[PDB]
Amino acid sequence: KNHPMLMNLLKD
Amino acid sequence: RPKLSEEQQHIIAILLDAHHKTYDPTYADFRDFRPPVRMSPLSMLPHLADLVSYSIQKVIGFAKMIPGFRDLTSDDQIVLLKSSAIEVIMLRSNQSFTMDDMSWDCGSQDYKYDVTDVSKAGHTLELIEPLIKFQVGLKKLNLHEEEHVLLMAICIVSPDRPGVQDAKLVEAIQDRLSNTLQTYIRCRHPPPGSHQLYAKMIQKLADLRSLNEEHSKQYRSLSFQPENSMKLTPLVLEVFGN
Ligand SMILES: CC(C)(c1ccc(OC[C@@H](O)CO)cc1)c1ccc(OC[C@H](O)C(C)(C)C)cc1
């Protein structure tokens, strides 16, 4: 599903 | 003959530091939130929405630092955080919770939150009564910080969260933390406080599933009227649902 903000907060 | 391996000690040192880098016991950032309002209809919502949104950020920061969490797929990382966020927020908040007046005391009177404050964010005793009971039972455990950080990490890395793809991997990561916690209790937690401590901690995770279910219901009810949704943050909407 589309979670751009969570995705960005998780990235290395 | 249980002994804390070097790896297990390493896990505890990392989780401790992770927690330190994501929980500010000075509560200095609370000034950045929309102001608390207490005196009718959802007056605490903008403030507690901001606090909760801030809290989601800190929880993601903590989860990223959990040994093995980074080995999961981006999908699974997302699933675990969306489903655990509220629970880890309830757990981590125990640190400011006080049995004196049954409130979360974040430094000042303005940032001291009681049952009516939480009801003025749109909640009822269907949630708040089990929530307070949980906070009480957790505080009474008088967890070592080592135990607290382990419990938060175990909560996050749970294989039965709906939507998990690599369940076996999620279980293997959690098992290493579960084993680390159990050994810690045996070696570092003295009796009588240690009696059944592991089982009691896991019981708190079951209590959290029930709290999460009820929070979600009341949230879906709150977030139903677009006028209320408008008052939330983009992160809250994305993480808790839209
Ligand atoms: C009371 C409680 C547990 C809490 C959450 C986070 C807190 O932060 C700091 C603590 O970590 C310091 O130790 C303090 C208290 C809470 C739970 C759910 C909420 O939800 C409101 C609505 O459901 C939204 C729509 C705003 C999400 C509000 C407050």
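Chains as they are written, first to last, in the entry's author numbering: chain C, 625 to 636; chain A, 121 to 159, 218 to 420. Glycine included, C-beta positions come from ideal geometry on N, C-alpha and C.
Residues in the same chain with beta-carbon distance under 7 Å from A:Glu416, minus the five sequence neighbours each way, listed in chain order, please. Taking the second sequence and counting its residues from 1, one reaches residue 416 of chain A at position 238. Closer than 7 Å at the Cβ level, and outside the excluded window around A:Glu416, lies no residue.
Quick one: what's got a C-beta closer than 6 Å to A:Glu325's C-beta in the same chain, skipping five residues either side? Translated into positions along the second sequence, residue 325 of chain A becomes position 147. The answer is none, since no qualifying residue turns up.
Helix, strand or coil at A:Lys395 according to DSSP, with G and I counted as helix: For this step, residue 395 of chain A is matched to residue 217 along the second sequence. It is helical.
Beta-carbon proximity of A:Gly419 to A:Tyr397, cut-off 9 Å: On the second sequence, position 241 is the one that residue 419 of chain A refers to. On the second sequence, position 219 is the one that residue 397 of chain A refers to. Yes, the pair counts as a contact, with Cβ atoms nearer than the cut-off.
If the cut is a Cβ gap below 9 Å, which residues of chain C does A:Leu413 touch? The residue given as residue 413 of chain A occupies position 235 in the second sequence. Under the 9 Å cutoff, chain C gives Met629, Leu630 and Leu633.
Based on DSSP bridge pairs, tell me the residues matched to A:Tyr291. Reading the second sequence from its first residue, position 113 is the one you call residue 291 of chain A. In DSSP, A:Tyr291 forms a bridge with A:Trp282.
Does the distance between the C-beta of A:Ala299 and the nearest non-hydrogen atom of ligand 1 fall short of 8 Å? The count along the second sequence starts at 1 and reaches residue 299 of chain A at position 121. True, at least one ligand heavy atom lies under 8 Å from that Cβ.
Any beta carbon from chain C within less than 9 Å of A:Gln235's own beta carbon? Translated into positions along the second sequence, residue 235 of chain A becomes position 57. Yes - at least one Cβ of chain C is within 9 Å of the one on A:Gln235.
Within the present structure, is the beta-carbon of A:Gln235 separated from the nearest heavy atom of ligand 1 by less than 8 Å? As a position in the second sequence, residue 235 of chain A is number 57, starting the count at 1. Checking the Cβ of A:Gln235 against ligand 1 gives no.
Beta-carbon spacing of A:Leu359, A:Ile334 below 9 Å: Residue mapping note: residue 359 of chain A aligns to position 181 of the second sequence, counting from 1. Residue mapping note: residue 334 of chain A aligns to position 156 of the second sequence, counting from 1. Cβ distance not < 9 Å, so A:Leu359 and A:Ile334 don't count as in contact.
Under 8 Å (Cβ pairs) to chain C, residues found in the segment 247 to 281 of chain A: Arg248, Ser252, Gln255, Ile256, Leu259 and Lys260
My understanding is that A:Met268 touches A:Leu410, with C-beta atoms under 8 Å, so please give their C-beta distance in whole angstroms. Within the second sequence, the letter at position 90 stands for residue 268 of chain A. Within the second sequence, the letter at position 232 stands for residue 410 of chain A. Between A:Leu410 and A:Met268 the Cβ distance is about 18 Å, and since that is not below 8 Å, they are no contact.
Residue-level contact to chain C via CB, residue 430 of chain A, 9 Å cutoff: Here chain A covers residues 121 to 420 and nothing more, so residue 430 of chain A does not appear.
Own chain partners of A:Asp253 with C-beta closer than 7 Å, once the 5 adjacent residues on each side are dropped: Sequence index remark: in the second sequence, residue 253 of chain A carries index 75 (1-based). Hits under 7 Å: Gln343.
Spell out a yes or no on whether the segment 234 to 246 of chain A and the segment 126 to 141 of chain A are touching, meaning 3 or more CB-CB pairs, one atom from each, closer than 8 Å. yes
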